[PDB]
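# Structural overview
Below are the chains, spelled out letter by letter.
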Amino acid sequence: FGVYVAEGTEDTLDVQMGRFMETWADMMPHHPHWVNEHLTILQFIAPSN
Amino acid sequence: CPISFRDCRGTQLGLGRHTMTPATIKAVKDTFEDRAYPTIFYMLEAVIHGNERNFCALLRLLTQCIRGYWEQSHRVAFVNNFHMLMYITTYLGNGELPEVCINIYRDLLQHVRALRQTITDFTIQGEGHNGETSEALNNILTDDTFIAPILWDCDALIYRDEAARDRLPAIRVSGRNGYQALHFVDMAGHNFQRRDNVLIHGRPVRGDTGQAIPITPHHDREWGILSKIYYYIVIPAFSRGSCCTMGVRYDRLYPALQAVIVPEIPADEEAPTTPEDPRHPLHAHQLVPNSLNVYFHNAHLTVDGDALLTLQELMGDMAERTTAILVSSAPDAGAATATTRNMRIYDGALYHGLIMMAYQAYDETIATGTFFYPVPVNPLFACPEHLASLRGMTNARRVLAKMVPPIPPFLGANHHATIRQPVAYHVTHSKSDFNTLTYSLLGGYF
Amino acid sequence: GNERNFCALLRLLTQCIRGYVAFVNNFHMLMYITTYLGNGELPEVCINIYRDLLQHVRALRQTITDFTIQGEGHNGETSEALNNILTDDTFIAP
Amino acid sequence: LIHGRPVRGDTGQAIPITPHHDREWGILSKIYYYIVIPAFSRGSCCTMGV
């Protein structure tokens, strides 16, 4: 979701974003890595991350 | 990069520089977290789509509207747009408006100007390479390569594709490259369902339209700089990421705009002003379902017949349809090396898009998704709440959207874009002040 | 608490509240008021009061939001409601 | 029970019952009821029937 870039599909962006919406429903197989920015320094530098 | 660090460094940056008065800041608050912002203001903003001619054509209605809107809650309006408030300042400065609103606008605009001056100060002048100015080489807000989230006339694109000249540029507009930018579109050539890659540049006030005349930018170079700084600072400075950007549907919008119930006033009689007279446009005897008059009366705004007639001149020029623009570039010579040429950057933006303050979904007056479709492209402008306007809105999409900002890949992946998630986190989660936050963000943008 | 019933009383509800803050008792009418009776037809101070109250409520909702991490659900049940009852649909208003 | 007539919808008799609001309705209502109201009453208010 955060690395792929597509091109315009010659539409009114209504169908485009809607289709992208259901596509994004199952496109997420796990927790994205770039979501836990609320973490502080400690657990961040912890070897678990 | 701790949030406290960002606040402190901004505080140092905003040491001796200007700040807004409490009146202005509380006014801009009362505006932004007011969910009851009447949508007709968005309507008129979309239809004028930032044409100086359009603004100059609607003096009376605009001044009366902003008046009645302010002397009812002391709330300012139109704040989101870049190309109207300064139009007000340029034109609506004779003294007809209440001094408070114009003073608010003046304060905020000169504050933006002082932010620009700050960016000028903390860089050194006279250091150019490969045709790039030092101002652009230090900050990103001054580089014409980077663009604003919202563009309404192609002049910014003209500056961008005249500026880099070494960064390999690539522009995608609904697939196929390149634009055509045909201006001053009329009724006879509306074609709301037009799929081509033409752009609506507008009608220059001082010039000749023609057909083979090459396009001419409507404004100067630093107009875009002010646009970019305003968008990327003050709106995040106050919305705290609550607002969102989206597109419109002129095919259904424009037809709703013709409902005018102005009465044929008898000749040589004084025009009614108070709404209590049936002859007045706002009066109930002149109130008919499915009309613009009831749209105004929902906001409880008093307007005059001539102002409503002015729309017949307003429909001289149309706005075609919102679109997505993708611009790619290489890093400038400041970071240009043999291994980073392919290592490029991409960004997506809305042409003829619009930003609304706070998502609302609980009004019977207007059904959901009647005029606007939520299309945000920014980690900053993530609007998980606004997504309820989207058709076919489900529960899974909404619950998963709270933890990820949905940006379509054709509008730009976060990693390859300029604004990343952490700065959005900072602007959304730093609760210290507003002037300090403005300065902190501004200092970030180096 | 039905908006169809509410949207038919505009006039009378306006005069009553103007003459009289009131009607702060239950949720199913205050935010309807701020939703429709919210364009300055009433004296602006009451609108400010109601707006401040509702923004306070949604602010507390933000508070309960940010004090838990997102993306951990089980048995087809959302992450955030695994923090508090007030966020869990299994619970009911009195 | 009585569901209250929907505003934007169709009446029916066999037509299935439908919610009048979204999910945030419940959480916002709950927060309003259990926090600000008691903090303002300190147990002086009461709930009764008609």
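- The deposited coordinates derive from cryo-EM, with the record listing a resolution of 4.5 Å.

### With respect to the overall build of chain A
- Helix and strand counts for chain A stand at 2 helices and 0 strands.
- Principal-axis analysis of the C-alpha atoms gives chain A an extent of 45 × 20 × 15 Å.
- Expressed as a percentage of the 49 residues in chain A, the buried residues total 29%.
- Summed over all atoms, the accessible surface of chain A reaches about 3300 Å², with 63% contributed by carbon and sulfur.

### Some details on the overall build of chain C
- Scanning chain C from terminus to terminus reveals 4 helices and 0 strands.
- Listing each helix as α and each strand as β along chain C from the N terminus yields α-α-α-α.
- The globule rule puts the C-alpha radius of gyration for 94 residues at 12 Å, and the 17 Å found for chain C is more than 25% above it.
- Judged by the C-alpha coordinates and their principal axes, chain C covers about 50 × 25 × 20 Å.

### Description of the interface of chain A and chain B
- Across the contact, 27 residues belong to chain A and 36 residues belong to chain B.
- When its residues are assigned to classes, the side of chain A that touches chain B shows 14 nonpolar, 8 polar and 5 charged.

### Points about the arrangement of the chains
- Interchain contacts are distributed over 5 pairs of chains, and the most extensive set of them lies between chains A and B.
- For the non-touching pair chain A and chain D, the nearest C-alpha separation works out to 19 Å.

### Side note on the nonpolar core
- Of all hydrophobic cores here, the largest spans 104 residues; its most connected members are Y37(B), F41(B), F78(B) and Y254(B).
- Setting aside its immediate chain neighbours within four residues, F41(B) contacts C65(B), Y69(B), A77(B), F78(B) and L301(B).
- Counting 20 residues, the second-largest nonpolar core is a separate cluster that includes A6(A), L13(A), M17(A) and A401(B).

### Quick word on the environment of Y32(C)
- For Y32(C), the position within the fold is in helix α3 (residues 27-36).
- Under the relative-accessibility criterion, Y32(C) is labelled buried at 5%.
- For the pair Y32(C) and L42(C), spaced 10 residues apart in sequence, the C-alpha separation works out to 14 Å.
- Dropping the residues within four chain positions of it, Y32(C) is found in contact with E3(C), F6(C), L37(C), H21(D) and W25(D).

### Section: the packing of aromatic side chains
- A complete count under the given rule lists 29 aromatic pairs over all chains for this structure.
- Note on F1(A) and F20(A): the rings are 6.2 Å apart at their centroids and 10° apart in plane angle, and the pair reads as stacked. Remark: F20(A) occurs in helix α1 (residues 14-26) and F1(A) occurs in the segment before α1; sequence separation between them is 19 residues.
- Relative to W34(A), the ring of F1(A) has its centre 6.1 Å away and its plane inclined at 10°; by these criteria the two rings are stacked. Remark: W34(A) occurs in the loop between α1 and α2 (41-45) and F1(A) occurs in the segment before α1; sequence separation between them is 33 residues.
- Taken together, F55(B), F82(B), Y87(B), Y91(B), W223(B), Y230(B) and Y231(B) form an aromatic cluster joined through their ring pairs.

### Quick look at helix α16 (residues 435-444) of chain B
Residue and element names in this part refer to chain B.
- In terms of residue burial, α16 counts as a mostly covered element, since 8 of its 10 residues are buried.
- Looking only at α16, the buried set comprises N435, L437, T438, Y439, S440, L441, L442 and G443.
- Looking at the packing, one finds that the buried side of α16 touches α1 (3-13), α2 (22-32), α7 (99-121), α10 (221-239) and α15 (421-429).

### Observations regarding the state of the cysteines
Residues and elements named next belong to chain B.
- Counting across every chain of the model gives 1 disulfide over all chains.
- Bridging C244 to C383, the disulfide has an S-S length of 2.0 Å. Taken together, the positions of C244 in strand β3 (residues 244-248) and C383 in the loop between β7 (372-373) and α14 (395-401) put the pair 139 residues apart, joining distant regions of the chain.

### Thoughts on empty space enclosed by the protein
Residues and elements named next belong to chain B.
- Computed from the structure, the largest cavity encloses a volume of approximately 270 Å³.
- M20, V28, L108, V234 and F238 are the residues nearest the centre of the largest cavity, which is lined by 21 residues in total.
- Put simply, the parts of the chain that give the lining of the largest cavity at least two residues each are α2, α7 and α10.
- Taken together, the residues of the lining of the largest cavity sort by class into 18 nonpolar, 3 polar and no charged.
- In this model, the second largest cavity occupies a volume close to 220 Å³.
- Along its surface, the second largest cavity is lined by 21 residues, and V377, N378, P379, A417 and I419 are the ones closest to its centre.

### Here we look at the pattern of salt bridges
Residue and element names in this part refer to chain B.
- Enumeration according to the criterion identifies 8 salt bridges over all chains in this entry.
- Taking the shortest distance from any N to any O, the salt bridge between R17 and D121 comes out at 3.7 Å. A residue pair is termed long-range when its members are at least 10 positions apart, and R17 in the loop between α1 and α2 and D121 in helix α7 qualify at 104 residues.
- Residue classification places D121 among the exposed positions, given a relative accessible area of 53%.

### Comments concerning the side chain of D34(B)
- Tracing the backbone through its elements, the reader meets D34(B) in the loop between α2 and α3 (39-48).
- Relative accessible area serves as the criterion here: at 3%, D34(B) is assigned to the buried category.
- Within the local environment of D34(B), its side chain forms a polar contact with the backbone nitrogen of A36(B), the two atoms lying 2.9 Å apart.
- Excluding its chain neighbours within four sequence positions, the residues that come into contact with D34(B) are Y69(B), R75(B) and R51(C).

### Overview of the sheet that holds strand β4 (residues 323-329) of chain B
- Ordered by their spatial adjacency, 4 strands build an open sheet running β1-β5-β4-β2 (chain B), and the pairing between neighbours is mixed. A strand with exactly one partner marks an edge of an open sheet, and here the two such strands are β1 (150-151) and β2 (170-173) of chain B.

### A closer look at the interface of chain D and chain B
- In this complex, chain D contributes 5 residues to the contact, which on the side of chain B involves 7 residues.
- Looking at the side of chain D that touches chain B residue by residue, the class counts come to 1 nonpolar, no polar and 4 charged.

### Here we look at the pairing of β3(B)
Residue and element names in this part refer to chain B.
- Taking burial as the measure, the 5 residues of β3 include 5 buried ones, the bulk of the element.
- Note that β3 and strand β6 (residues 354-356) share 3 bridges and pair antiparallel. Pairing of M246 across the sheet is with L354, part of β6.
- Sheet topology note: the β3/β7 ladder contains 2 bridges and is antiparallel. Counted as the bridge partner of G247 is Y373 from β7.

Procedures and definitions
Residues numbered from 1 in each chain as written, not as in the entry; some residues may be left out. Chains lettered and ligands numbered in written order. Part of a larger assembly, values for the part shown. Heavy atoms only, no water. Residues with missing side-chain atoms left out of burial classes, pairs and counts. Helix = DSSP H or I, 4+ residues; strand = E, 2+ residues; numbered from the N terminus. Buried < 20%, exposed > 50% of the residue type's maximum accessible area, 1.4 Å probe, protein only. Areas by Shrake-Rupley, 256 points an atom, 1.4 Å probe, with all protein chains shown as cover. Rg over C-alpha atoms; globule rule 2.2 N^0.38 Å. Contact = heavy atoms within 4.5 Å. Nonpolar A, V, L, I, M, F, W, Y, C, P; charged D, E, K, R; others polar. Core = buried A, V, L, I, M, F, W, Y, C linked by side-chain atoms within 4.5 Å. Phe/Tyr/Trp six-rings, centres within 6.5 Å; stacked < 30°, edge-to-face > 60°. Disulfide = S-S within 2.5 Å. 1 Å grid on protein atoms, 1.4 Å probe; cavity = no way out; pocket = protein on both sides within 12 Å on 5 of 7 lines; lining within 4 Å. Points joined across faces, edges and corners; volume = space filled by probe spheres on them. Salt bridge = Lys/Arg side-chain N within 4 Å of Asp/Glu carboxyl O. Polar contact = N/O pair within 3.5 Å; in protein donor to acceptor, adjacent residues only side chain to side chain. Pairing = 2+ DSSP bridges.

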